[PDB]
Trainee: 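My questions all concern the structure below.
The sequence lines fix the lettering, A, B, ..., with proteins before strands; numbering per chain opens at 1. All values below were derived from every heavy atom in this structure, side-chain atoms included, with hydrogens, water molecules and symmetry-related copies excluded.
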Amino acid sequence: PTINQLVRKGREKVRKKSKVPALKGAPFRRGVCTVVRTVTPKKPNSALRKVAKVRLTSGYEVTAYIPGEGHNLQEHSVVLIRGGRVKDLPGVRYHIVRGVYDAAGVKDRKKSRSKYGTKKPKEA
Amino acid sequence: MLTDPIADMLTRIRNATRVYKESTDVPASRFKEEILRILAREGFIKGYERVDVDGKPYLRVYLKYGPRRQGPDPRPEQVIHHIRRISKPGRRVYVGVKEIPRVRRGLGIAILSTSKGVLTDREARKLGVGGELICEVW
RNA sequence: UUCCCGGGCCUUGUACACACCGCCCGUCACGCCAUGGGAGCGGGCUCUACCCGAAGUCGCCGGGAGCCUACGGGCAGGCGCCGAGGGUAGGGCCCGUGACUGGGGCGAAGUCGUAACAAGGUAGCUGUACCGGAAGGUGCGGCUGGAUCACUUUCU
RNA sequence: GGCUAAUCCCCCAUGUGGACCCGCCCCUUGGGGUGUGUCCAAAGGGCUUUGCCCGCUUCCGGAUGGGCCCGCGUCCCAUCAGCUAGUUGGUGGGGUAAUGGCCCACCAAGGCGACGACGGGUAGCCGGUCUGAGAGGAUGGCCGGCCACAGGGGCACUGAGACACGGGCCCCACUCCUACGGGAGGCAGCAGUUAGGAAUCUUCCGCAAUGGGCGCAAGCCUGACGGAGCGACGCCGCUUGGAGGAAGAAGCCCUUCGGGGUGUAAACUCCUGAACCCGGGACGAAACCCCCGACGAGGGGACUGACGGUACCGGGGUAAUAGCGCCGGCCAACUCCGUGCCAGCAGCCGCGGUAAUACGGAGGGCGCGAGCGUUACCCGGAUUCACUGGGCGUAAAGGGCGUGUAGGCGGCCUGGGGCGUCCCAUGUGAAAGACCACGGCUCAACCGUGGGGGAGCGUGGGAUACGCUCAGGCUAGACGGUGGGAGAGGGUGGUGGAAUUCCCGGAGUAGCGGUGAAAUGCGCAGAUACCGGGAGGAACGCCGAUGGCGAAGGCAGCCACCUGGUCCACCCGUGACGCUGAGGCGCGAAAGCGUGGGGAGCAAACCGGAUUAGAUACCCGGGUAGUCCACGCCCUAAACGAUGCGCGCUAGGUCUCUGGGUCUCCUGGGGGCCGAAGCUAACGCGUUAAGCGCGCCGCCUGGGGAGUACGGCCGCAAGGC
Ligand SMILES: NC[C@@H]1O[C@H](O[C@H]2[C@@H](O)[C@H](O[C@@H]3[C@@H](O)[C@H](N)C[C@H](N)[C@H]3O[C@H]3O[C@H](CO)[C@@H](O)[C@H](O)[C@H]3N)O[C@@H]2CO)[C@H](N)[C@@H](O)[C@@H]1O
Ligand SMILES: [K+]
Ligand SMILES: [K+]
Ligand SMILES: [K+]
Ligand SMILES: [K+]
Ligand SMILES: [K+]
Ligand SMILES: [K+]
Ligand SMILES: [K+]
Ligand SMILES: [K+]
Ligand SMILES: [K+]
Ligand SMILES: [K+]
Ligand SMILES: [K+]
Ligand SMILES: [K+]
Ligand SMILES: [K+]
Ligand SMILES: [K+]
Ligand SMILES: [K+]
Ligand SMILES: [K+]
Ligand SMILES: [K+]
Ligand SMILES: [K+]
Ligand SMILES: [K+]
Ligand SMILES: [K+]
Ligand SMILES: [K+]
Ligand SMILES: [K+]
Ligand SMILES: [K+]
Ligand SMILES: [K+]
Ligand SMILES: [K+]
Ligand SMILES: [K+]
Ligand SMILES: [K+]
Ligand SMILES: [K+]
Ligand SMILES: [K+]
Ligand SMILES: [K+]
Ligand SMILES: [K+]
Ligand SMILES: [K+]
Ligand SMILES: [K+]
Ligand SMILES: [K+]
Ligand SMILES: [K+]
Ligand SMILES: [K+]
Ligand SMILES: [K+]
Ligand SMILES: [K+]
Ligand SMILES: [Mg+2]
Ligand SMILES: [Mg+2]
Ligand SMILES: [Mg+2]
Ligand SMILES: [Mg+2]
Ligand SMILES: [Mg+2]
Ligand SMILES: [Mg+2]
Ligand SMILES: [Mg+2]
Ligand SMILES: [Mg+2]
Ligand SMILES: [Mg+2]
Ligand SMILES: [Mg+2]
Ligand SMILES: [Mg+2]
Ligand SMILES: [Mg+2]
Ligand SMILES: [Mg+2]
Ligand SMILES: [Mg+2]
Ligand SMILES: [Mg+2]
Ligand SMILES: [Mg+2]
Ligand SMILES: [Mg+2]
Ligand SMILES: [Mg+2]
Ligand SMILES: [Mg+2]
Ligand SMILES: [Mg+2]
Ligand SMILES: [Mg+2]
Ligand SMILES: [Mg+2]
Ligand SMILES: [Mg+2]
Ligand SMILES: [Mg+2]
Ligand SMILES: [Mg+2]
Ligand SMILES: [Mg+2]
Ligand SMILES: [Mg+2]
Ligand SMILES: [Mg+2]
Ligand SMILES: [Mg+2]
Ligand SMILES: [Mg+2]
Ligand SMILES: [Mg+2]
Ligand SMILES: [Mg+2]
Ligand SMILES: [Mg+2]
Ligand SMILES: [Mg+2]
Ligand SMILES: [Mg+2]
Ligand SMILES: [Mg+2]
Ligand SMILES: [Mg+2]
Ligand SMILES: [Mg+2]
Ligand SMILES: [Mg+2]
Ligand SMILES: [Mg+2]
Ligand SMILES: [Mg+2]
Ligand SMILES: [Mg+2]
Ligand SMILES: [Mg+2]
Ligand SMILES: [Mg+2]
Ligand SMILES: [Mg+2]
Ligand SMILES: [Mg+2]
Ligand SMILES: [Mg+2]
Ligand SMILES: [Mg+2]
Ligand SMILES: [Mg+2]
Ligand SMILES: [Mg+2]
Ligand SMILES: [Mg+2]
Ligand SMILES: [Mg+2]
Ligand SMILES: [Mg+2]
Ligand SMILES: [Mg+2]
Ligand SMILES: [Mg+2]
Ligand SMILES: [Mg+2]
Ligand SMILES: [Mg+2]
Ligand SMILES: [Mg+2]
Ligand SMILES: [Mg+2]
Ligand SMILES: [Mg+2]
Ligand SMILES: [Mg+2]
Ligand SMILES: [Mg+2]
Ligand SMILES: [Mg+2]
Ligand SMILES: [Mg+2]
Ligand SMILES: [Mg+2]
Ligand SMILES: [Mg+2]
Ligand SMILES: [Mg+2]
Ligand SMILES: [Mg+2]
Ligand SMILES: [Mg+2]
Ligand SMILES: [Mg+2]
Ligand SMILES: [Mg+2]
Ligand SMILES: [Mg+2]
Ligand SMILES: [Mg+2]
Ligand SMILES: [Mg+2]
Ligand SMILES: [Mg+2]
Ligand SMILES: [Mg+2]
Ligand SMILES: [Mg+2]
Ligand SMILES: [Mg+2]
Ligand SMILES: [Mg+2]
Ligand SMILES: [Mg+2]
Ligand SMILES: [Mg+2]
Ligand SMILES: [Mg+2]
Ligand SMILES: [Mg+2]
Ligand SMILES: [Mg+2]
Ligand SMILES: [Mg+2]
Ligand SMILES: [Mg+2]
Ligand SMILES: [Mg+2]
Ligand SMILES: [Mg+2]
Ligand SMILES: [Mg+2]
Ligand SMILES: [Mg+2]
Ligand SMILES: [Mg+2]
Ligand SMILES: [Mg+2]
Ligand SMILES: [Mg+2]
Ligand SMILES: [Mg+2]
Ligand SMILES: [Mg+2]
Ligand SMILES: [Mg+2]
Ligand SMILES: [Mg+2]
Ligand SMILES: [Mg+2]
Ligand SMILES: [Mg+2]
Ligand SMILES: [Mg+2]
Ligand SMILES: [Mg+2]
Ligand SMILES: [Mg+2]
Ligand SMILES: [Mg+2]
Ligand SMILES: [Mg+2]
Ligand SMILES: [Mg+2]
Ligand SMILES: [Mg+2]
Ligand SMILES: [Mg+2]
Ligand SMILES: [Mg+2]
Ligand SMILES: [Mg+2]
Ligand SMILES: [Mg+2]
Ligand SMILES: [Mg+2]
Ligand SMILES: [Mg+2]
Ligand SMILES: [Mg+2]
Ligand SMILES: [Mg+2]
Ligand SMILES: [Mg+2]
Ligand SMILES: [Mg+2]
Ligand SMILES: [Mg+2]
Ligand SMILES: [Mg+2]
Ligand SMILES: [Mg+2]
Ligand SMILES: [Mg+2]
């Protein structure tokens, strides 16, 4: 646009919108599991993925992926969620942190342990 | 009328040189003539001269180019590779001596207009003055 | 050599490219989700008018109604304006919930036809208008972003 | 109720002086001086006690601190456009340290707003901080400055200062006490508790140091501060060992079953020797005070350490923590087994459905290391809001067109001014931070000293090219004159012929019509085909185009009238009168709406006939709105060149419409085609630009959701923006 125009209207700054209304920007939010279903991935994939409807302290209710081999989340488990969607299950945008509160860590895990709350295998 | 006579001139020249014209006429004004002098002195044109096209004053601007060339497209290189207007009605640009630019690490020039007359970025830097940055040429 | 089947060369259109046994559209069914409208019932703000109005400064009185007095005046006390706040009537806005209700996004292999893409088999698109399970059909006008020179016939 | 001291309160005096009224002088807003009149002072205490100390009163000045005022700067939304009555100003008061509608009477009727008033949202601001090549973006924690607040609201008192966090009064909410009348309280001080949260510490030590309050001083007070404690939260430093060790143990992992890998890695050999144990043991602390001297300058002496028996120095001395992520591409690092679209991975692209370097494990490998990863958030890359630094023919993007307001922009010459612009000097730009240098802790982090910068703003001086402004001039832009021209440009009235339909007459007879084929339909009340007459509505064949006119939508028989635009010639007149144009106003195909009229043909809907698997279609026969006119609405479109308007510049060739000329040809305006240079992703564009440039407007910023919802405005409605 002409300079006169930029003088009259100027450029407009881009407002970046969140993908994680875990409110307070907060790195994590605590919640309680309502449901503890399983879901079908979209088109390219197929499997039974472990999700979990969660009622957050954030004053929110949303589905959150339950990573790892196997869990133990009933209908009243105290869980901590973090940002991180699951490209296959539209609608799931957070992950449960396996190793905090009720969601136990993964057992017999030996590689990416910290990412699955599994303490350093005892013994020598 | 023309909205910017100096840009009109800078272009008549830009155009003429792209089709290797001999000279090119531009309506006359003292200010325009003053710019040609720098243009001449720095060796971008062969010079110019007042003439009267029809009944009104113009300025034949004898252009200048390099030698014929080798391979496909023998057309000569340009003396004036680049000539661009900087200040413009609608957006005038003024600079302080400390802010005068340096066209192509010196291989080119900037023509400022100061209260000490029209000068190149050196004549200006030398006389320690700044002003309206008219254009750059290289 | 028009037709049916297979094929060759040139050209043209194409939204096709595991390449027409291609692509693809809308209704409906099933699931997940966010959301519009919304009677009523809660919560909040605000403005206008009238009314009640604490504290306090300020103003007037301070008198055979009080205390002090060197009679000048002071204090107590009283009244008044303003005044936080409250009330009533109405006006406007926001918020929660909400029976009922509208459509939308997303989700391998459910249903119906076949609208579009090749002249897509009635060229298409389009503004408008009426009509119809659905894509859509038809009228009027416009555009080219339309193929060649001049019965109908779905799907994969 | 009663007694009583003072540096408590009051009265008289003294008047250096100062305040107030009036006058005069200088000065210039209420500054300084002067005169008369009036008004206004005080406090004592201690002594090494008759000479000092501490203090008191009035005044002038300094210093520090502060009030008030002004210019400029300071986020988002115009789906917030009008706001305002103490409101805007005046006179006179009140109030204050002081100006002021700060407050109050009375008078005026003003003030503010697209340069964004008012409203809504959000938010302490700054030095700085993070990021970035920069411009810029984001940010305001620690530290330093300013502001505001001290449970919420209001108020004043005291005082140099407060409208007062640990002062007071009232209202409100809450907690506690209550013999129910009534009282008490406010950690956003330090530490701590509880709640909320993903998450943020010790109810520590000291007053030794620096700083503060009171005191003559001794000294007292100081959760300010100086320290220690907790937490890898960050930064920096450091350790888990060094040298020698096999053509290479075992175990484990691959294998071509030869062998290869972990790897000099280990065990071992020698060396040093973190931790730990002893001994010593600090700077920070010399003032205040006392003595001499004069209570000064100067000199002398004494006391004082929380940190801490810590730092550090010396002696002795053990070989003694390693983890985390990753290895399909981007991206550095590969093999076996397991699993079989499962379990699962996943930042994006994607991976897994039997031999997966992508899932899980193992071996090996890459990266980094007291850390490593993850999530969240800011800048970057992103020239992806483009000022530096982008775009709109077909990718998202030209407004449907005109007229025009504000605004932005402005041809040639001369002169004044000197606002912009530029230069010089000067002031300001705190400290910290940042940069450079030297220096102190063994280094560094950290810290000290010094130096160098700095935009912006104030002041003084100067320049005048460009911009601005004023004054004068010019004719190349624009406009006008005179004379010619072309045209489906617009409005009103009139009018012509062809055809369709209907009606009337004649003549004539069995069908016509329609389709792929049919049928519905029409016809013996005589249709179709043919001739003659009449009525009416709508549209204009040939000319006609590859043409013309218009700003667009659009405009087509012919005649007249009224009326717009435009081109050429002549250089005749004006003298920059110009371009663009947010908003405004007008115009705006078709369909559609309202009122009235008209209605031949055509034809949404609709009624039927066929077709089809069905056929709410395509084909056939009918047919209402409508299509037509008037007046008033609607305001859309593939409203298209999918290309905003204006001006200057940059080969030509060829066709054509309209004008002028010395009329093979030249020259002006318009319409096409091919093409120079150049531009373009390509296609293509190319003097009719999509080239090279300047001015101004409009518009774009991934797709779906959606031209939807909400709001506002407009409309009768449909519905438009
Ligand atoms: N999400 C698509 C949107 O809704 C419509 O599309 C919706 C339906 O028409 C469509 O339905 C399709 C159906 O068309 C097709 N013939 C068969 C198919 N099984 C259906 O599929 C649907 O349902 C199944 C479960 O039954 C889901 O697993 C699947 O993800 C979903 N797309 O699925 C869509 C919902 O996902 C519009 N036509 C489309 O243009 C629009 O973008
Ligand atoms: K034949
Ligand atoms: K739909
Ligand atoms: K009395
Ligand atoms: K295409
Ligand atoms: K008493
Ligand atoms: K006197
Ligand atoms: K003083
Ligand atoms: K002062
Ligand atoms: K001051
Ligand atoms: K006044
Ligand atoms: K820059
Ligand atoms: K900023
Ligand atoms: K800021
Ligand atoms: K800043
Ligand atoms: K003192
Ligand atoms: K001394
Ligand atoms: K030692
Ligand atoms: K060892
Ligand atoms: K296997
Ligand atoms: K496979
Ligand atoms: K692997
Ligand atoms: K793996
Ligand atoms: K970014
Ligand atoms: K458009
Ligand atoms: K419009
Ligand atoms: K001048
Ligand atoms: K910086
Ligand atoms: K200056
Ligand atoms: K034409
Ligand atoms: K109707
Ligand atoms: K009409
Ligand atoms: K109209
Ligand atoms: K002629
Ligand atoms: K090309
Ligand atoms: K083409
Ligand atoms: K609306
Ligand atoms: K209405
Ligand atoms: K409308
Ligand atoms: Mg898969
Ligand atoms: Mg993420
Ligand atoms: Mg992994
Ligand atoms: Mg064949
Ligand atoms: Mg063949
Ligand atoms: Mg052949
Ligand atoms: Mg071909
Ligand atoms: Mg072919
Ligand atoms: Mg609702
Ligand atoms: Mg009252
Ligand atoms: Mg009162
Ligand atoms: Mg009283
Ligand atoms: Mg009130
Ligand atoms: Mg169709
Ligand atoms: Mg079709
Ligand atoms: Mg079709
Ligand atoms: Mg087909
Ligand atoms: Mg058809
Ligand atoms: Mg078709
Ligand atoms: Mg087509
Ligand atoms: Mg249509
Ligand atoms: Mg129909
Ligand atoms: Mg049509
Ligand atoms: Mg088929
Ligand atoms: Mg008494
Ligand atoms: Mg006196
Ligand atoms: Mg005086
Ligand atoms: Mg006097
Ligand atoms: Mg007297
Ligand atoms: Mg006296
Ligand atoms: Mg004494
Ligand atoms: Mg006054
Ligand atoms: Mg006063
Ligand atoms: Mg006021
Ligand atoms: Mg008014
Ligand atoms: Mg705030
Ligand atoms: Mg950048
Ligand atoms: Mg930097
Ligand atoms: Mg910066
Ligand atoms: Mg601070
Ligand atoms: Mg509190
Ligand atoms: Mg005091
Ligand atoms: Mg106080
Ligand atoms: Mg205060
Ligand atoms: Mg307190
Ligand atoms: Mg908690
Ligand atoms: Mg102390
Ligand atoms: Mg002290
Ligand atoms: Mg070995
Ligand atoms: Mg070794
Ligand atoms: Mg030893
Ligand atoms: Mg002491
Ligand atoms: Mg003594
Ligand atoms: Mg002495
Ligand atoms: Mg001494
Ligand atoms: Mg690699
Ligand atoms: Mg198996
Ligand atoms: Mg499994
Ligand atoms: Mg395998
Ligand atoms: Mg590999
Ligand atoms: Mg990987
Ligand atoms: Mg950027
Ligand atoms: Mg730009
Ligand atoms: Mg772009
Ligand atoms: Mg487009
Ligand atoms: Mg246009
Ligand atoms: Mg105009
Ligand atoms: Mg104007
Ligand atoms: Mg000018
Ligand atoms: Mg101007
Ligand atoms: Mg100046
Ligand atoms: Mg300076
Ligand atoms: Mg500084
Ligand atoms: Mg050093
Ligand atoms: Mg320094
Ligand atoms: Mg400077
Ligand atoms: Mg100056
Ligand atoms: Mg001058
Ligand atoms: Mg001048
Ligand atoms: Mg003039
Ligand atoms: Mg004429
Ligand atoms: Mg006409
Ligand atoms: Mg007739
Ligand atoms: Mg008859
Ligand atoms: Mg007869
Ligand atoms: Mg019959
Ligand atoms: Mg008969
Ligand atoms: Mg009959
Ligand atoms: Mg007939
Ligand atoms: Mg007849
Ligand atoms: Mg009739
Ligand atoms: Mg035209
Ligand atoms: Mg047209
Ligand atoms: Mg005319
Ligand atoms: Mg003339
Ligand atoms: Mg003249
Ligand atoms: Mg219209
Ligand atoms: Mg119409
Ligand atoms: Mg009508
Ligand atoms: Mg009618
Ligand atoms: Mg009728
Ligand atoms: Mg018909
Ligand atoms: Mg049928
Ligand atoms: Mg029909
Ligand atoms: Mg068109
Ligand atoms: Mg040329
Ligand atoms: Mg031509
Ligand atoms: Mg031409
Ligand atoms: Mg021509
Ligand atoms: Mg044409
Ligand atoms: Mg070329
Ligand atoms: Mg190509
Ligand atoms: Mg061309
Ligand atoms: Mg041009
Ligand atoms: Mg738009
Ligand atoms: Mg979107
Ligand atoms: Mg999006
Ligand atoms: Mg969109
Ligand atoms: Mg619409
Ligand atoms: Mg209306």
Trainee: Which atom pair, heavy atoms only, marks the closest approach of A:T118 to A:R109?
Mentor: OG1-CB, 3.5 Å
Trainee: For a quick check, with a 4.0 angstrom heavy-atom cut-off, what is the B/S/- contact string for nucleotides 195-200 of chain D, read 5' to 3'?
Mentor: --SBB-
Trainee: Is any side-chain N or O of A:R8 closer than 4.0 Å to OP1 or OP2 of D:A582?
Mentor: no
Trainee: Taking the P atom in each of D:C647 and D:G632, what is the distance between them to the nearest angstrom?
Mentor: 38 Å
Trainee: When the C1' atoms of D:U339 and D:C366 are considered, how many whole Å apart are they?
Mentor: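 Those two atoms are separated by 27 Å.
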Trainee: Between neighbours D:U202 and D:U203, do the six-membered base rings sit under 5.5 Å apart with planes under 30 degrees?
Mentor: no
Trainee: Rounding to an integer number of angstrom, what distance separates D:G90 and D:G37 when you compare their P atoms?
Mentor: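 Their P atoms lie roughly 41 Å apart.
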Trainee: Where the side chain of A:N4 is concerned, which of D:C697, D:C351, D:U375 is the nearest nucleotide?
Mentor: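 The answer is D:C697, which lies nearest to the side chain.
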Trainee: Can D:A232 be described as syn, meaning its chi torsion is within 90° of 0, or is it anti?
Mentor: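 Syn.
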Trainee: If I pick the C1' atom on D:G399 and the same atom on D:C577, what distance separates them, to the nearest angstrom?
Mentor: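 Taking atom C1' in both D:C577 and D:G399, they lie 30 Å apart.
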Trainee: Test for a donor-acceptor pair under 3.5 Å between the base of D:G390 and the side chain of A:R11, counting only N and O atoms.
Mentor: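 Such a pair exists between side chain and base.
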Trainee: Sticking with atom P, work out how far D:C540 lies from D:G491, rounded to a whole angstrom.
Mentor: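 Roughly 14 Å separates the two P atoms.
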Trainee: For a quick test of reading the model, state the closest non-hydrogen atom pair linking B:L133 to B:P101 and the distance between them.
Mentor: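 B:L133 and B:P101 have their closest heavy atoms at CD1-CG, 3.6 Å.
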Trainee: For C:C30, which nucleotide is its Watson-Crick or G-U wobble mate, given both distances must be under 3.5 Å?
Mentor: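 With both distances under 3.5 Å, C:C30 matches C:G107.
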Trainee: Does B:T3 get its side chain close enough to the base of D:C694, under 3.5 Å, for a donor-acceptor pair?
Mentor: yes
Trainee: Write down the distance between CG (B:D8) and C1' (D:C692), rounded to a whole number of angstrom.
Mentor: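 From B:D8 CG to D:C692 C1': 11 Å.
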Trainee: Using base atoms that line each groove, which groove does B:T11 approach with its side chain to under 5.0 Å?
Mentor: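 It is the minor groove that B:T11 approaches.
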Trainee: Sort out the partner of D:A85 for me: Watson-Crick or G-U wobble, both distances under 3.5 Å, none otherwise.
Mentor: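 When the pairing criteria are applied, nothing turns out to pair with D:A85, so the answer is none.
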Trainee: For D:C438 versus D:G452, give the span between their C1' atoms, rounded off to a whole number of Å.
Mentor: 15 Å
Trainee: Students often get this wrong, so: under 4.0 angstrom with heavy atoms, is A:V86 touching a base, only sugar-phosphate, or nothing?
Mentor: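 Base contact.
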Trainee: Grab the two heavy atoms, one from A:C33 and one from A:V79, that are nearest each other, plus how far apart they are.
Mentor: SG-CG2, 3.6 Å
Trainee: Answer with major or minor: which groove's base atoms come under 5.0 angstrom of the side-chain heavy atoms of B:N15?
Mentor: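 Reaching into the minor groove, the side chain of B:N15 comes under 5.0 Å of the base N or O atoms there.
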Trainee: Would A:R30 and A:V100 count as a side chain to side chain contact (heavy atoms under 4.5 Å, CB included) if you check the C-alpha gap in whole Å, the side-chain angles of each, and the deciding distance to 0.1 Å?
Mentor: CA-CA 10 Å; A:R30 189 189 58 166; A:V100 183; over 6 Å; no
Trainee: Can you find an N or O donor on one side and an acceptor on the other, under 3.5 Å apart, linking the side chain of A:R49 with the base of D:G344?
Mentor: yes
Trainee: For A:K110, does the NZ atom sit with more than 12 other heavy atoms under 6.0 Å from it, leaving out its own atoms?
Mentor: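 Yes, because the 6.0 Å sphere around NZ of A:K110 holds more than 12 heavy atoms from other groups.
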Trainee: In this structure, do the base rings of D:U48 and D:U49 stack on each other (centres less than 5.5 Å apart, planes differing by less than 30°)?
Mentor: no
Trainee: Taking the 3.5 Å cut-off for both atom pairs, check whether D:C721 pairs with D:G712 as Watson-Crick or wobble.
Mentor: yes
Trainee: Ring centres of D:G186 and D:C187 closer than 5.5 Å, with planes less than 30° apart?
Mentor: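 By the ring-centre and plane-angle rule, D:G186 does not stack on D:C187.
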Trainee: Between A:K87 and D:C349, does any side-chain N or O lie under 4.0 Å from OP1 or OP2?
Mentor: yes
Trainee: Side chains of B:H82 and B:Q78: any donor to acceptor distance under 3.5 Å?
Mentor: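 Side-chain D/A pair, B:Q78 to B:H82: absent.
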Trainee: Just to confirm, do D:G353 and D:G352, adjacent in the strand, meet the stacking rule in which the six-membered ring centres are under 5.5 angstrom apart and the planes are under 30°?
Mentor: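 Not both cut-offs are satisfied, so the bases of these neighbours are not stacked.
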Trainee: Do A:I66 and A:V20 share a hydrophobic cluster, counting only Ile, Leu, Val, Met, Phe, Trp and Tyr and linking them when any side-chain heavy atoms are less than 4.5 Å apart?
Mentor: yes
Trainee: Looking at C1'-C2'-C3'-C4', which way does the sugar of D:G536 lean, north or south?
Mentor: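 North, since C1'-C2'-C3'-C4' is positive for D:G536.
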Trainee: Spell out protein contact along nucleotides 467-476 of chain D as letters: B when the base is contacted, S when just the sugar-phosphate is, - when no protein heavy atom is under 4.0 Å; keep the 5' to 3' order.
Mentor: S-------SB
Trainee: Check whether the six-membered base rings of D:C348 and D:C349 have centres under 5.5 Å apart and planes under 30 degrees from each other.
Mentor: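 Yes: the six-membered rings of D:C348 and D:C349 sit under 5.5 Å apart with planes under 30°.
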Trainee: D:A319 and D:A285: how far apart are their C1' atoms, nearest whole angstrom?
Mentor: 46 Å
Trainee: Under 3.5 Å for both donor-acceptor distances, Watson-Crick or wobble: does D:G532 have a partner, and if so which one?
Mentor: D:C504
Trainee: Any side-chain donor-acceptor pair under 3.5 Å between B:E99 and B:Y94?
Mentor: no
Trainee: For D:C540, which nucleotide in any strand shown is its Watson-Crick or wobble partner with both distances under 3.5 Å?
Mentor: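 Paired with D:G496.
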Trainee: Any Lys/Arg nitrogen of B:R50 or B:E33 sitting under 4.0 Å from an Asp/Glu carboxylate oxygen of the other?
Mentor: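 A salt bridge links B:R50 with B:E33.
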Trainee: Any side-chain N or O of A:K120 below 4.0 angstrom from OP1/OP2 of D:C324?
Mentor: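 Looking at the OP1 and OP2 atoms of D:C324, one of them is under 4.0 Å from a side-chain N or O of A:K120.
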Trainee: Can you check the distance between D:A173 and D:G151, where both ends of the measurement are the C1' atom (answer in whole Å)?
Mentor: 9 Å
Trainee: What is the separation between atom NZ on B:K98 and atom P on D:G453, rounded to the nearest whole Å?
Mentor: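 Roughly 12 Å, once rounded to whole Å.
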